[PDB]
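In structure tokens, the next block holds one chain alone, the form deposited without 6-amino-2H-chromen-2-one.
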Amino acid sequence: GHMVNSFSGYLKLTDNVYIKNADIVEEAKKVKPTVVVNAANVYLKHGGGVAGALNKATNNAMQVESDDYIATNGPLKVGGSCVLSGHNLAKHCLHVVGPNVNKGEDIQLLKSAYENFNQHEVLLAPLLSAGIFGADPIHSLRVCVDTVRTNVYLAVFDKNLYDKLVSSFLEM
């Protein structure tokens, strides 16, 4: 049978949102998901954070394909997305651009970002904008839970952040 989208060890937060303390790259190898989400910039230049880890795991294939896409089509809009190959990690990678709060981009665009998730049944995803782009992780989670109606399995790398998110959620 197909052991595709074989998620295990997630906490169910809502009907359609699950969360786990895991490296999204390790989850990708284990699950072989249809879609993995990248927390991208508009240039798909995969730096630190999730983007760099995903790219490193593809031996730079993601960056080469991303360079090609951007050469052809130009940059994404903040809040926008594109579907590219998941290479050796997944069938597809949904590249989504959260607002860069560190450069004072409108936090409103984080709702636009998560809206992209609704075009896909099942996603393995991180918290958009909550790392290098300097949004409050609890805010990213709230906007995710409030916006996404499809099945999202969130991977949080940092144990302490995972614990703060889960406690903060289960108080309301």
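Residue positions are given as counts along the sequence shown, with the first one as 1. Basically, rigid core = biggest C-alpha set you can superpose within 1.5 Å across the two forms.
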property	result
Which of 58-66 and 42-50 lies farther from this form in 9 other deposited structures of this protein, as RMS of C-alpha positions after a rigid core fit	42-50
Which of 130-138 and 25-33 has higher mean CA B factor, as the PDB entry lists it	25-33
Residue 67 - Cα temperature factor, lowest/middle/highest third of chain	highest
Third of the chain's Cα B-factor distribution that residue 103 belongs to, per the entry	highest
Third assignment of residue 160 from its chain's C-alpha B-factors	highest
Position of residue 151 among the chain's modelled residues by C-alpha B-factor, lowest, middle or highest third	middle
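Below, we turn to the form solved in complex with 6-amino-2H-chromen-2-one, even though it does not appear here.
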property	result
Ligand-site call, 6-amino-2H-chromen-2-one overlaid in the bound PDB entry, backbone or C-beta contacts under 2.4 Å, 3+ atoms	open
Heavy atom of residue 149 within 4.5 Å of 6-amino-2H-chromen-2-one in the bound PDB entry	no
Sequence-ordered list of residues in 4-27 near 6-amino-2H-chromen-2-one in the bound PDB entry, where near means a heavy atom within 4.5 Å	7, 8, 9, 10, 12, 18
